[PDB]
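Given as structure tokens, the chain that follows is alone and in the form deposited without ligand MTL.
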């Protein structure tokens, strides 16, 4: 039949065609010979640093293209305002080499970039995003203030609200605005003497970087790291977040009274801050965004991954499960009780959280919405399915097509 990817839902038997992928202008990692679709960081999603300004011709088309998406969203394609804005963009690129977005355009692309994120299962909220314009920012100290305002608004005392703060874009012959940390809120990872790590092994490099930059270290599993904010052509400056601004949740179990005594906890606000935001060819090297957690992110990946808190065994022991044999499914039993702990603790502290069931069910609804609106939705299957109970969620049975659409959130090299 149709000349587009046929996509099927095995639970429902329903069929759809993805026509939206025709819009993709950025190549992926796969070729007809092999699928490189399980690679976390292929050199097809990552945006290398451009030491020199993008070729005027290529910037122009990415820009002309973005403006078109913008006007189509307001339903003024072909209009005088549309054609004028186009002439205005090339005029600016012609004399300066780059151009700038209007306030409403930035808000559009930012929402669009989230909307285009293949690995995000919470895109049913894509329209609800508070875009804080911070393109006026000119110092690392000011970045700190904006971030504190971001955390305050976004955290909203446990009734979290999605938001992103856009700092100045990459400008030729001038350094980038960078947040060295991966997230605004992270736990320190201390490299022990015996070789191990106290805290979060993931954050070991940044922890040592903060120390080398004047940070006075603590020695706990859950120490919140300080921000290492960087302004153009200046070394990064260290800033310590006010404890009152960082809302955390002490984990406890609804039935297993001893879970509380484990001293486990997690911060309520998830804010990626190392990702690059690309809109119409313009690159925003620092633009932290945040929403709310899905239970499995904390209870399974963060707490149970081998290379993270790895608390699976400790909980298994407390539960008195046979940790000597795999066929007892002690890893399965503990993980379920740990996720149940994250859910219970957050629901008690009145902090926002969504479980993997409700989360995937809502993404399916988002998929219907997008089929009607754009004829498809770029989705990364391995990332959409929860790290536990996979086939128990509707998304598992949903085939997905993955591709890159702009605007978008891309990975970028570490500033060091």
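Numbering follows the first chain given and starts at 1. The term rigid core refers to the maximal set of C-alpha atoms that superpose within 1.5 Å between the two forms.
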> When the other structures are laid on this one by the rigid core, do the CA atoms of 77-85 or of 236-244 sit farther away in 9 other deposited structures of this protein?
Replying inline: 77-85
>> Fitting on the rigid core only, I'd like to know which of the two stretches, 68-76 or 159-167, ends up farther away in Cα terms in 9 other deposited structures of this protein.
In response: 68-76
> Looking across the other entries that model both neighbours, is residue 59 missing in at least a third?
Replying inline: no
>> Of the other PDB entries for this protein whose models extend past residue 45 on both sides, does at least a third leave it without coordinates?
In response: yes
> Quick one: higher average CA temperature factor, 350-358 or 25-33?
Replying inline: 25-33
> Which wins on mean Cα temperature factor, 114-122 or 219-227?
Replying inline: 219-227
> Taking the values straight from the PDB record, which of 129, 160, 210, 312 has the highest C-alpha temperature factor?
Replying inline: 210
> Which listed residue, 51, 390, 378, 375, has the largest C-alpha temperature factor in the record?
Replying inline: 51
> Can you tell me which third, lowest, middle or highest, the CA B-factor of residue 72 falls into for its chain?
Replying inline: highest
> In terms of the chain's CA B-factor thirds, is residue 63 lowest, middle or highest?
Replying inline: middle
> Hey, what third does residue 85 fall into on Cα B-factor, ranked over its chain?
Replying inline: highest
> Can you tell me which third, lowest, middle or highest, the CA B-factor of residue 8 falls into for its chain?
Replying inline: lowest
> Considering only modelled residues of the same chain, in which third does the CA B-factor of residue 299 rank: lowest, middle or highest?
Replying inline: lowest
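Omitted from view is the form solved in complex with ligand MTL, to which the following refers.
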>> Under a 4.5 Å heavy atom criterion, is residue 345 part of the interface with ligand MTL in the deposited complex?
In response: no
> So, in the deposited complex, is residue 205 in contact with ligand MTL at a 4.5 angstroms heavy atom limit?
Replying inline: yes
> Could you tell me if residue 186 has a non-hydrogen atom within 4.5 Å of ligand MTL in the deposited complex?
Replying inline: yes
>> How about residue 182 - does it come within 4.5 Å of ligand MTL in the deposited complex, if we only consider non-hydrogen atoms?
In response: yes
> in the deposited complex, which of the stretches 337-345, 278-286, 70-78, 196-204 has residues with heavy atoms within 4.5 Å of ligand MTL?
Replying inline: 196-204
> Just one of 274, 323, 139, 156 has a heavy atom within 4.5 Å of ligand MTL in the deposited complex. Which one?
Replying inline: 274
